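Here we start with a single chain on its own, the form deposited in one PDB entry, put down as C-alpha cells.
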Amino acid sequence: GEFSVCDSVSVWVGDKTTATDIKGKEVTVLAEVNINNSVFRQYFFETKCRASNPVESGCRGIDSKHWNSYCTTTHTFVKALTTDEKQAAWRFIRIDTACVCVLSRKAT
C-alpha cells in the first residue's frame, strides 16, 4: 500500500459473471466450479484505479512541464471456467491487476 503516482483499489470478487477472455471475446463466468466432484466458487483478486487523474494534471508526482500523463488499469490472465454460449471450458480471462501511469511527452 505504498504511496504511488496512481491510486488503486483492491478487493476479492467471488461473483464475477462477466469477462473478457484472452482472445478479447466476452464470456460468462460460471458461478460454481466442480472439481473432482467437489464444487467451488471462482475467486479473483482485482485492482482498479481510483480515478484516471488523482490530481488535476494527471498522475501525482509528474514533472508536468515536460509530460502529459494519466492513470490506467492493467491486466493479468487467470484460467476460469467460463462459457460463451457455444462451448463451456476453462479460458484465461483478463483481470485488472494494477493502476499504472502512462506518460506522453508534452508537445513543444
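The numbering used is simple: start at 1 and walk along the sequence shown. Whichever C-alpha set is largest while still superposing within 1.5 Å between the two forms counts as the rigid core.
Below: the form deposited with a partner chain bound, not depicted.
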| query | finding |
| --- | --- |
| Heavy atom of residue 87 within 4.5 Å of the partner chain in the deposited complex | no |
| Contact flag, residue 10 vs the partner chain in the deposited complex, heavy atom cut 4.5 Å | yes |
| Per-residue C-alpha change between the shown form and the other one, residue 39, threshold 2 Å, rigid core fit | yes |
| Pair residue 35/residue 79, Cα separation in the deposited complex versus the displayed form, closer or farther by 3 angstroms or more | farther |
| Cα-Cα shift for residue 35 and residue 77, closer or farther in the deposited complex, minimum 3 Å | farther |
